[PDB]
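> A single structure is presented below for examination.
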Amino acid sequence: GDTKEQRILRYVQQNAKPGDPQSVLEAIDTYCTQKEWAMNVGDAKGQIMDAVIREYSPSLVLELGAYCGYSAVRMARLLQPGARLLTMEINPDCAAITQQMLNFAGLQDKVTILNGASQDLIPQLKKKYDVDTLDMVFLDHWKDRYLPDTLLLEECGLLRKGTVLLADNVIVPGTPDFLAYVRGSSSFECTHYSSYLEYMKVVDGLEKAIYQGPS
Ligand SMILES: Cc1nc(C)c(-c2cc(C(C)(C)c3ccccc3)n[nH]2)s1
Ligand SMILES: [Cl-]
Ligand code: NA
């Protein structure tokens with residue numbers, strides 16, 4: 001049958017313009033509002049994501065949790081030429097949706113999709129994907145994995161001083177221990193950004209944590 005994710009791709013291909021990442025974002029935002037999917041990203045968190053990318057102008061971005069490719073499109077559209085986005089997706093069929101989504105948008109070149117679990121792929125980045133350090137990390141995958149994958153990104157030495165970690169949904173459904181760690185650690189300087197979830201009528205937020213070097 002035709003899945004929820006395929007319906008989303010299908011709508012984009014009908015109503016967006018190929019090679020125009022912004023129209024892809026509008027179309028997705030428009031569909032999610034029409035079908036009322038509680039998809040965490042909208043213009044609220046989108047503006048903050050855009051701002052974060054603009055301020056720090058990352059050469060290399062790691063995303064955890066590609067899903068349909070909304071976040072990847074939004075971020076990659078602001079990347080400089082020669083900059084890269086690496087997005088990790090554990091679900092093969094989502095990975096394929098994301099691919100097609102990035103390809104429609106004309107961003108297939110900037111973005112590399114890796115299928116597998118974060119804790120398996122992260123330790124391969126330096127050797128297999130010629131990564132030195134990362135400039136930015138967007139966490140949007142399984143919430144119980146935020147804290148262990150942050151610690152794994154430290155252990156592996158993928159963070160340098162000034163590397164930005166940006167984590168969505170830290171309040172809803174919540175990543176309480178992840179927060180406590182980065183806010184408590186001197187290795188991270190932290191800022192909280194608020195986003196009201198108007199479908200659920202409750203406050204959520206993003207956490208931005210800038211790695212300071214090791215303790
Ligand atoms: C240990 C993990 N590594 C990665 C890269 C993970 C991941 C999570 C996700 C979403 C789409 C959010 C997901 C996937 C399946 C069920 C629910 C939600 N995609 N990728 S989980
Ligand atoms: Cl998505
Ligand atoms: Na801190």
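Chain lettering (A, B, ...) mirrors the order of the structure tokens, residue numbering begins at 1 for each chain separately, and ligand numbering begins at 1 in order of display.
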DSSP says strand (DSSP E) for which residues of stretch 10-186 of chain A? Put them as a ChimeraX atom specification?
/A:60-64,84-89,111-115,134-139,159-168
> What do you get as a PyMOL selection string if you pick all residues at most 12 Å from ligand 1, counting only C-alpha atoms and all ligand atoms?
chain A and resi 5+39-41+62-71+86-98+113-122+138-150+152+168-169
> Could I get the residue neighbourhood of ligand 3 at 7 Å, counting only C-alpha atoms and all ligand atoms, as a PyMOL selection string?
chain A and resi 182-190
> Go ahead and write the residues just picked, N, CA, C and O atoms, as a PDB file, in the first residue's frame.

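again.pdb, written as the output of this step:
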```pdb
ATOM      1  N   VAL A 182      24.134  18.122  29.795  1.00  0.00           N
ATOM      2  CA  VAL A 182      24.786  19.226  29.086  1.00  0.00           C
ATOM      3  C   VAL A 182      24.714  20.528  29.877  1.00  0.00           C
ATOM      4  O   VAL A 182      25.662  21.319  29.876  1.00  0.00           O
ATOM      5  N   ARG A 183      23.610  20.746  30.578  1.00  0.00           N
ATOM      6  CA  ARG A 183      23.499  21.952  31.377  1.00  0.00           C
ATOM      7  C   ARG A 183      24.456  21.891  32.562  1.00  0.00           C
ATOM      8  O   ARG A 183      25.006  22.910  32.970  1.00  0.00           O
ATOM      9  N   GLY A 184      24.675  20.693  33.096  1.00  0.00           N
ATOM     10  CA  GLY A 184      25.542  20.529  34.258  1.00  0.00           C
ATOM     11  C   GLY A 184      27.014  20.513  33.888  1.00  0.00           C
ATOM     12  O   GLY A 184      27.867  20.979  34.632  1.00  0.00           O
ATOM     13  N   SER A 185      27.312  19.984  32.713  1.00  0.00           N
ATOM     14  CA  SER A 185      28.685  19.875  32.267  1.00  0.00           C
ATOM     15  C   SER A 185      29.271  21.219  31.850  1.00  0.00           C
ATOM     16  O   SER A 185      28.611  22.044  31.193  1.00  0.00           O
ATOM     17  N   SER A 186      30.526  21.415  32.244  1.00  0.00           N
ATOM     18  CA  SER A 186      31.311  22.555  31.822  1.00  0.00           C
ATOM     19  C   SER A 186      31.771  22.358  30.380  1.00  0.00           C
ATOM     20  O   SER A 186      32.235  23.295  29.742  1.00  0.00           O
ATOM     21  N   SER A 187      31.640  21.138  29.868  1.00  0.00           N
ATOM     22  CA  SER A 187      32.025  20.850  28.485  1.00  0.00           C
ATOM     23  C   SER A 187      31.012  21.393  27.479  1.00  0.00           C
ATOM     24  O   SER A 187      31.269  21.395  26.283  1.00  0.00           O
ATOM     25  N   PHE A 188      29.871  21.863  27.979  1.00  0.00           N
ATOM     26  CA  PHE A 188      28.817  22.407  27.132  1.00  0.00           C
ATOM     27  C   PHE A 188      28.237  23.696  27.687  1.00  0.00           C
ATOM     28  O   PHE A 188      27.896  23.775  28.873  1.00  0.00           O
ATOM     29  N   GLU A 189      28.125  24.695  26.812  1.00  0.00           N
ATOM     30  CA  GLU A 189      27.402  25.924  27.109  1.00  0.00           C
ATOM     31  C   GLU A 189      26.042  25.876  26.413  1.00  0.00           C
ATOM     32  O   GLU A 189      25.966  25.700  25.203  1.00  0.00           O
ATOM     33  N   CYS A 190      24.977  26.068  27.183  1.00  0.00           N
ATOM     34  CA  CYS A 190      23.637  25.738  26.729  1.00  0.00           C
ATOM     35  C   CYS A 190      22.648  26.900  26.674  1.00  0.00           C
ATOM     36  O   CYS A 190      22.642  27.786  27.534  1.00  0.00           O
TER      37      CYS A 190
END
```
> From the options A:8, A:131, A:60, A:111, which residue's atoms come nearest to ligand 2, counting only C-alpha atoms and all ligand atoms?
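Counting only C-alpha atoms and all ligand atoms, the residue closest to ligand 2 is A:8.
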> Can you list, as a ChimeraX atom specification, every protein, DNA or RNA residue that comes within 12 Å of residue A:214 when you count only C-alpha atoms, leaving out same-chain residues fewer than 2 positions away?
/A:151,153-162,185-188,210-212
> Okay, now the selection with N, CA, C and O atoms, as an mmCIF file, in the first residue's frame?

```cif
data_model
loop_
_atom_site.group_PDB
_atom_site.id
_atom_site.type_symbol
_atom_site.label_atom_id
_atom_site.label_comp_id
_atom_site.auth_asym_id
_atom_site.auth_seq_id
_atom_site.Cartn_x
_atom_site.Cartn_y
_atom_site.Cartn_z
ATOM 1 N N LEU A 151 27.579 11.411 24.203
ATOM 2 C CA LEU A 151 28.784 10.860 24.842
ATOM 3 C C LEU A 151 29.642 10.091 23.840
ATOM 4 O O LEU A 151 30.873 10.118 23.902
ATOM 5 N N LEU A 153 29.721 10.808 20.595
ATOM 6 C CA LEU A 153 30.365 11.821 19.733
ATOM 7 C C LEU A 153 31.574 12.474 20.431
ATOM 8 O O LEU A 153 32.532 12.842 19.765
ATOM 9 N N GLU A 154 31.534 12.601 21.760
ATOM 10 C CA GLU A 154 32.709 13.040 22.519
ATOM 11 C C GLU A 154 33.848 12.021 22.448
ATOM 12 O O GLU A 154 34.954 12.360 22.025
ATOM 13 N N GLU A 155 33.561 10.784 22.858
ATOM 14 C CA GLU A 155 34.552 9.703 22.918
ATOM 15 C C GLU A 155 35.305 9.592 21.607
ATOM 16 O O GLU A 155 36.503 9.322 21.581
ATOM 17 N N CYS A 156 34.575 9.780 20.509
ATOM 18 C CA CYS A 156 35.137 9.584 19.182
ATOM 19 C C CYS A 156 35.922 10.797 18.702
ATOM 20 O O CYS A 156 36.664 10.711 17.732
ATOM 21 N N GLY A 157 35.782 11.918 19.402
ATOM 22 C CA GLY A 157 36.515 13.109 19.046
ATOM 23 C C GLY A 157 36.002 13.713 17.755
ATOM 24 O O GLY A 157 36.788 14.132 16.897
ATOM 25 N N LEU A 158 34.674 13.732 17.615
ATOM 26 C CA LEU A 158 34.013 14.286 16.444
ATOM 27 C C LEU A 158 33.571 15.705 16.738
ATOM 28 O O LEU A 158 33.214 16.454 15.841
ATOM 29 N N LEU A 159 33.606 16.072 18.011
ATOM 30 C CA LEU A 159 33.320 17.445 18.408
ATOM 31 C C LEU A 159 34.603 18.249 18.659
ATOM 32 O O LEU A 159 35.510 17.786 19.353
ATOM 33 N N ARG A 160 34.682 19.446 18.085
ATOM 34 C CA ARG A 160 35.744 20.378 18.445
ATOM 35 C C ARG A 160 35.111 21.549 19.178
ATOM 36 O O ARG A 160 33.894 21.666 19.207
ATOM 37 N N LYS A 161 35.928 22.405 19.778
ATOM 38 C CA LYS A 161 35.407 23.534 20.542
ATOM 39 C C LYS A 161 34.599 24.428 19.622
ATOM 40 O O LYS A 161 35.062 24.829 18.559
ATOM 41 N N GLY A 162 33.372 24.728 20.011
ATOM 42 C CA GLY A 162 32.528 25.512 19.134
ATOM 43 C C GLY A 162 31.573 24.690 18.288
ATOM 44 O O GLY A 162 30.679 25.260 17.673
ATOM 45 N N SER A 185 27.312 19.984 32.713
ATOM 46 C CA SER A 185 28.685 19.875 32.267
ATOM 47 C C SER A 185 29.271 21.219 31.850
ATOM 48 O O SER A 185 28.611 22.044 31.193
ATOM 49 N N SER A 186 30.526 21.415 32.244
ATOM 50 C CA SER A 186 31.311 22.555 31.822
ATOM 51 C C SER A 186 31.771 22.358 30.380
ATOM 52 O O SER A 186 32.235 23.295 29.742
ATOM 53 N N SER A 187 31.640 21.138 29.868
ATOM 54 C CA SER A 187 32.025 20.850 28.485
ATOM 55 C C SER A 187 31.012 21.393 27.479
ATOM 56 O O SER A 187 31.269 21.395 26.283
ATOM 57 N N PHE A 188 29.871 21.863 27.979
ATOM 58 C CA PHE A 188 28.817 22.407 27.132
ATOM 59 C C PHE A 188 28.237 23.696 27.687
ATOM 60 O O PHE A 188 27.896 23.775 28.873
ATOM 61 N N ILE A 210 26.886 24.074 22.922
ATOM 62 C CA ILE A 210 28.134 24.285 22.217
ATOM 63 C C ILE A 210 29.251 23.614 22.992
ATOM 64 O O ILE A 210 29.533 23.972 24.124
ATOM 65 N N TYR A 211 29.866 22.615 22.382
ATOM 66 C CA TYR A 211 30.989 21.935 22.983
ATOM 67 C C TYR A 211 32.145 22.921 23.279
ATOM 68 O O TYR A 211 32.502 23.748 22.424
ATOM 69 N N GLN A 212 32.701 22.839 24.492
ATOM 70 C CA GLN A 212 33.751 23.750 24.960
ATOM 71 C C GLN A 212 35.151 23.138 24.955
ATOM 72 O O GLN A 212 36.126 23.806 25.295
#
```
> One number please: atom CA of residue A:48 to atom CA of residue A:191, in Å, one decimal.
11.8 Å
> Using only C-alpha atoms, find the one residue out of A:7, A:84, A:128, A:45 that sits nearest to residue A:108.
A:84
> Please measure the separation of atom CA of residue A:103 and atom CA of residue A:57, giving the value in Å to one decimal.
22.7 Å
> Identify all residues of stretch 26-175 of chain A in helix (DSSP H, G or I) (DSSP on the backbone) and supply them as a PyMOL selection string.
chain A and resi 26-35+43-56+70-76+92-105+118-128+143-155+170-174
> I'd like the contact shell of stretch 13-22 of chain A - 7 Å cut-off, only C-alpha atoms, skipping same-chain residues fewer than 2 positions apart - returned as a PyMOL selection string.
chain A and resi 9-11+24-27+73+77+104-106
> Those residues you just picked out, can you put them in a file as a PDB file, in the first residue's frame with N, CA and C atoms?

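File produced: result19.pdb:
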```pdb
ATOM      1  N   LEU A   9       5.852  12.587   0.057  1.00  0.00           N
ATOM      2  CA  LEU A   9       6.691  12.737  -1.122  1.00  0.00           C
ATOM      3  C   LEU A   9       5.838  13.042  -2.354  1.00  0.00           C
ATOM      4  N   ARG A  10       4.792  12.241  -2.541  1.00  0.00           N
ATOM      5  CA  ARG A  10       3.869  12.424  -3.645  1.00  0.00           C
ATOM      6  C   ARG A  10       3.335  13.850  -3.704  1.00  0.00           C
ATOM      7  N   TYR A  11       2.921  14.398  -2.570  1.00  0.00           N
ATOM      8  CA  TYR A  11       2.342  15.744  -2.563  1.00  0.00           C
ATOM      9  C   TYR A  11       3.366  16.784  -3.000  1.00  0.00           C
ATOM     10  N   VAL A  24       9.631  23.190  -1.504  1.00  0.00           N
ATOM     11  CA  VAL A  24       9.509  21.885  -0.879  1.00  0.00           C
ATOM     12  C   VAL A  24       9.090  22.042   0.573  1.00  0.00           C
ATOM     13  N   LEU A  25       9.655  23.029   1.242  1.00  0.00           N
ATOM     14  CA  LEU A  25       9.337  23.255   2.642  1.00  0.00           C
ATOM     15  C   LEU A  25       7.902  23.740   2.791  1.00  0.00           C
ATOM     16  N   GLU A  26       7.500  24.686   1.959  1.00  0.00           N
ATOM     17  CA  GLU A  26       6.121  25.161   1.970  1.00  0.00           C
ATOM     18  C   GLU A  26       5.125  24.009   1.750  1.00  0.00           C
ATOM     19  N   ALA A  27       5.414  23.155   0.772  1.00  0.00           N
ATOM     20  CA  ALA A  27       4.497  22.087   0.395  1.00  0.00           C
ATOM     21  C   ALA A  27       4.315  21.085   1.524  1.00  0.00           C
ATOM     22  N   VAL A  73      16.410  19.052   4.156  1.00  0.00           N
ATOM     23  CA  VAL A  73      16.185  20.033   3.113  1.00  0.00           C
ATOM     24  C   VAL A  73      16.343  21.423   3.677  1.00  0.00           C
ATOM     25  N   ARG A  77      19.753  23.606   2.426  1.00  0.00           N
ATOM     26  CA  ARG A  77      19.484  24.707   1.527  1.00  0.00           C
ATOM     27  C   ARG A  77      20.275  25.953   1.918  1.00  0.00           C
ATOM     28  N   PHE A 104      14.551  15.796  -5.410  1.00  0.00           N
ATOM     29  CA  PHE A 104      13.572  16.715  -5.980  1.00  0.00           C
ATOM     30  C   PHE A 104      14.012  18.141  -5.762  1.00  0.00           C
ATOM     31  N   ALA A 105      14.514  18.371  -4.552  1.00  0.00           N
ATOM     32  CA  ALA A 105      14.885  19.692  -4.070  1.00  0.00           C
ATOM     33  C   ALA A 105      16.166  20.205  -4.735  1.00  0.00           C
ATOM     34  N   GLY A 106      16.912  19.318  -5.392  1.00  0.00           N
ATOM     35  CA  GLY A 106      18.155  19.696  -6.043  1.00  0.00           C
ATOM     36  C   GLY A 106      19.322  19.781  -5.064  1.00  0.00           C
TER      37      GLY A 106
END
```
> So, counting only C-alpha atoms, which residue among A:59, A:124, A:30, A:80 is closest to residue A:163?
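The answer is A:59, which sits nearest to residue A:163.
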> Looking at only C-alpha atoms and all ligand atoms, which of A:99, A:195, A:47, A:23 is the one that sits closest to ligand 2?
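Smallest separation from ligand 2 among the options: A:99.
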> Choose the residue, out of A:206, A:44, A:72, A:51, that has the smallest atom-to-atom separation from ligand 2; count only C-alpha atoms and all ligand atoms.
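For ligand 2, the nearest of the given residues is A:72.
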> Name the residues in contact with stretch 200-204 of chain A at a cut-off of 8 Å, using only C-alpha atoms, excluding same-chain residues fewer than 3 positions from it; report them as a PDB file with N, CA and C atoms, in the first residue's frame.

```
ATOM      1  N   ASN A 169      12.809  18.571  20.575  1.00  0.00           N
ATOM      2  CA  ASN A 169      11.850  17.819  21.365  1.00  0.00           C
ATOM      3  C   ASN A 169      12.390  17.495  22.736  1.00  0.00           C
ATOM      4  N   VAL A 170      13.251  18.356  23.257  1.00  0.00           N
ATOM      5  CA  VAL A 170      13.905  18.070  24.528  1.00  0.00           C
ATOM      6  C   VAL A 170      12.935  18.140  25.694  1.00  0.00           C
ATOM      7  N   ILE A 171      11.766  18.725  25.463  1.00  0.00           N
ATOM      8  CA  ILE A 171      10.761  18.831  26.519  1.00  0.00           C
ATOM      9  C   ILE A 171       9.590  17.873  26.262  1.00  0.00           C
ATOM     10  N   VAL A 172       9.292  17.639  24.990  1.00  0.00           N
ATOM     11  CA  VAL A 172       8.172  16.805  24.586  1.00  0.00           C
ATOM     12  C   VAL A 172       8.595  15.897  23.437  1.00  0.00           C
ATOM     13  N   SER A 194      12.272  28.148  22.925  1.00  0.00           N
ATOM     14  CA  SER A 194      10.912  27.664  23.096  1.00  0.00           C
ATOM     15  C   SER A 194      10.153  27.534  21.785  1.00  0.00           C
ATOM     16  N   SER A 195       9.309  26.512  21.709  1.00  0.00           N
ATOM     17  CA  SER A 195       8.406  26.343  20.585  1.00  0.00           C
ATOM     18  C   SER A 195       7.116  25.728  21.081  1.00  0.00           C
ATOM     19  N   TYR A 196       6.031  26.487  20.964  1.00  0.00           N
ATOM     20  CA  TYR A 196       4.697  26.012  21.308  1.00  0.00           C
ATOM     21  C   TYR A 196       4.192  25.062  20.240  1.00  0.00           C
ATOM     22  N   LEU A 197       3.725  23.896  20.675  1.00  0.00           N
ATOM     23  CA  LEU A 197       3.131  22.911  19.779  1.00  0.00           C
ATOM     24  C   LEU A 197       1.627  23.162  19.694  1.00  0.00           C
TER      25      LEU A 197
END
```
> Find the distance between atom CA of residue A:29 and atom CA of residue A:134 and write it in Å to one decimal.
28.8 Å
> If you count only C-alpha atoms, which residues fall within 10 Å of residue A:109, apart from same-chain ones fewer than 6 positions away, as a list in words?
residues 76, 81, 82, 83, 84, 85, 102 and 103 of chain A
> Residues as selected, N, CA, C and O atoms, written as a short mmCIF file (atom, residue, chain, number, x, y, z; two decimals), in the first residue's frame, can you do that?

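Final output, result.cif:
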```
data_model
loop_
_atom_site.label_atom_id
_atom_site.label_comp_id
_atom_site.auth_asym_id
_atom_site.auth_seq_id
_atom_site.Cartn_x
_atom_site.Cartn_y
_atom_site.Cartn_z
N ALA A 76 20.17 21.92 4.51
CA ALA A 76 21.09 21.82 3.38
C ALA A 76 20.93 23.00 2.42
O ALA A 76 21.86 23.36 1.71
N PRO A 81 28.47 26.11 -0.73
CA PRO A 81 29.05 25.17 -1.69
C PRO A 81 30.24 24.42 -1.09
O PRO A 81 31.06 25.05 -0.45
N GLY A 82 30.33 23.11 -1.28
CA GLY A 82 31.45 22.36 -0.73
C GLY A 82 31.24 21.87 0.70
O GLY A 82 31.89 20.94 1.15
N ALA A 83 30.31 22.51 1.41
CA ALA A 83 29.86 22.02 2.70
C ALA A 83 29.06 20.71 2.52
O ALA A 83 28.57 20.39 1.44
N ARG A 84 28.96 19.94 3.60
CA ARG A 84 28.31 18.64 3.55
C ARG A 84 27.28 18.47 4.66
O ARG A 84 27.45 18.97 5.77
N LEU A 85 26.22 17.73 4.35
CA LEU A 85 25.35 17.25 5.39
C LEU A 85 25.38 15.72 5.39
O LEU A 85 25.28 15.09 4.33
N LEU A 102 15.40 14.84 -1.28
CA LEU A 102 16.58 15.70 -1.50
C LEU A 102 16.84 15.85 -2.99
O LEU A 102 17.27 16.90 -3.46
N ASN A 103 16.57 14.79 -3.73
CA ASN A 103 16.78 14.82 -5.16
C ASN A 103 15.80 15.77 -5.86
O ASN A 103 16.18 16.49 -6.76
#
```
